[PDB]
Amino acid sequence: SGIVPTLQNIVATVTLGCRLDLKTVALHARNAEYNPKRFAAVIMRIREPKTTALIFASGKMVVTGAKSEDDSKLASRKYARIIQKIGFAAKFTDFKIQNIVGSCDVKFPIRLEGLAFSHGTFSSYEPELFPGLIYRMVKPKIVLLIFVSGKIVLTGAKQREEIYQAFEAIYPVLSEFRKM
DNA sequence: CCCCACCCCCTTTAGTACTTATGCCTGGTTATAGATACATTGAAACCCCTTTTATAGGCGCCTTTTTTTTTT
């Protein structure tokens, strides 16, 4: 294909192994918002790497927004370090990436309804609901959002390799339905 | 002094008409069992809260601009 999808977002979970007083975290950490009435967790953001963590009373958290596996682990470590610095027996445990999202640009337009009619068992296209075509790939198990513009969204991957393999697999069919 | 006649009685049983109690059946409302109106406390079942990064239509709602109609 000659193109390599760009990783745009990585979601990871981390068990800090120790109960937390969310009310206290929200009070001593900067850039933290806590509104239990709507979500039972403290939302905290940091600038390097630019990410957002969801911290729970159970001591477990979700780190989002990271653009690489390293930034994800690194950011996760900083959040844990803050929880500690606040006064908890937090530890960096069970780090695990749960989802990777990537995007592409094949540069050419795509006749989506032709692609949907051709691959009916994998794609759901109804512009009324959503402008992009939803392609549910089997191997690897990656969901793609194909747009008329040639823009491609790939998600559902746990290894960055799946995004790459998903894109290579779809390129031929994308090319086949190129508007030209 | 004797004979005959008249008066007074008790004997018990058969008749059908009339009165009283029992069985009959009949018009209210009261006392029973269960469900209904429904209302009870009990519980489970439900949506709700922390965000990200990109794609791109439709969606509703804001203040400022231009056009049309009315009045003087």
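Residue labels here follow a simple count from 1 along each chain's written sequence instead of the entry's numbering, which may differ, and residues missing coordinates are not shown. By the order in which they are written, chains take letters starting at A while ligands take numbers starting at 1. All values in this description refer to the chains shown, which are themselves only part of a larger assembly. The side-chain values count all of the structure's non-hydrogen atoms but skip hydrogen atoms and water molecules.

For this coordinate set, the PDB header names cryo-EM as the determination method and states a resolution of 6.00 Å.

The title assigned to this entry in its PDB record is "the P-lobe of RNA polymerase II pre-initiation complex". UniProt positions are given in the numbering used here, feature names are shortened, and annotations may be inferred rather than shown by experiment. Turning to chain A, the UniProt record has this under Subunit: "Binds DNA as monomer. The 1.2 MDa TFIID complex is composed of TATA binding protein (TBP) and the 14 TBP-associated factors. One copy of each TAF1, TAF2, TAF3, TAF7, TAF8, TAF11, TAF13, two copies of each TAF4, TAF5, TAF6, TAF9, TAF10, TAF12, and three copies of TAF14. Interacts with TFC8." What the UniProt record of chain A gives under Sequence similarities is the line "Belongs to the TBP family."

Q: Could you give an account of the protein's contact with DNA strand B, naming the residues involved and the relevant values?
A: Proximity is defined per residue: if any heavy atom of the residue lies within 4 Å of a molecule or strand, that residue is considered near it. DNA strand B sits among 24 residues. The nearest are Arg38, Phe39, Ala40, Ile43 and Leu54. For DNA strand B, the fraction of atoms within 4 Å of the protein that belong to sugar or phosphate moieties is 71%. What qualifies as a polar contact is a pair of N or O atoms within 3.5 Å, subject to a donor-acceptor requirement within protein and to the restriction that residues adjacent in sequence count only when both atoms come from side chains. Within the contact set of DNA strand B, a sugar or linking oxygen lies 2.9 Å away from a side-chain nitrogen or oxygen of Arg45. Separating a sugar or linking oxygen of DNA strand B from a side-chain N or O atom of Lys67 is a distance of 3.5 Å. Elements that contribute at least two residues to the surface near DNA strand B include exactly β1 (6–15), β3 (41–47), β4 (50–56), β5 (60–66), β8 (130–136) and β10 (151–157). Taken together, the residues that form the surface near DNA strand B break down as 11 nonpolar, six polar and seven charged. Here a helix means four or more residues in a row that DSSP labels H or I, a strand means two or more in a row labelled E, and each is numbered from the N terminus. Note that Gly is not counted as nonpolar here; it falls among the polar residues with everything else outside the nonpolar set of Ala, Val, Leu, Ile, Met, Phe, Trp, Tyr, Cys and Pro and the charged set of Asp, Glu, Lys and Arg.

Q: Lay out the domain arrangement of chain A in plain terms, naming residues and giving numbers.
A: One widely used convention gives an interface's size as the accessible area the parts lose upon coming together. By domain assignment, chain A separates into domain 1 (1–11 + 98–180) and domain 2 (12–97). Measuring from the centre of the C-alpha atoms in domain 1 to the corresponding centre in domain 2 gives 32 Å. By definition, residues are in contact when any of their heavy atoms lie within 4.5 Å. Counting residues at the interface gives 10 residues for domain 1, matched by 13 residues for domain 2. A quick way to say it: buried area is the sum, across both parts, of accessible area lost when two parts are put together, with a 1.4 Å probe. Interface area for domain 1 against domain 2, summed over the two sides, is near 940 Å², with a carbon-plus-sulfur share of 48%. On the domain 1 side of the interface with domain 2, the three residues burying the most area are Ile10, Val11 and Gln98, jointly 58% of the side's total. Throughout this description, the term salt bridge denotes a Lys or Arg side-chain nitrogen within 4 Å of a carboxyl oxygen of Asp or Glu. Our count for the domain 1 to domain 2 interface comes out at one salt bridge. One salt bridge in this structure joins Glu69 and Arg160, with 2.7 Å as the shortest N-O distance. The interface formed by domain 1 and domain 2 contains six residue pairs in polar contact. Breaking the side of domain 1 that touches domain 2 down by element, the ones donating at least two residues are β1 and β6 (93–105). An automatic or database domain assignment is the source of the domain bounds shown.

Q: An account of the sheet that holds β5 is needed here, citing residue identities and associated values.
A: In this scheme, strands are said to pair when DSSP sees at least two bridges between them. Read across the sheet, 10 strands follow the order β2-β3-β4-β5-β1-β6-β10-β9-β8-β7 without closing on themselves; strand pairing throughout is antiparallel. The two strands at the open ends of the sheet, each matched to only one other strand, are β2 (32–34) and β7 (123–126). For this sheet the average axis-to-axis angle between neighbouring strands, irrespective of direction, equals 15°. Against the sheet, helix α4 (residues 160–176) touches β1, β6, β8, β9 (143–146) and β10, its axis set at about 140° to β10. Note on definitions: angles span 0 to 180 degrees between N-to-C directions of axes, and those axes are lines fitted to C-alpha atoms, for helices only across the stretch in contact.

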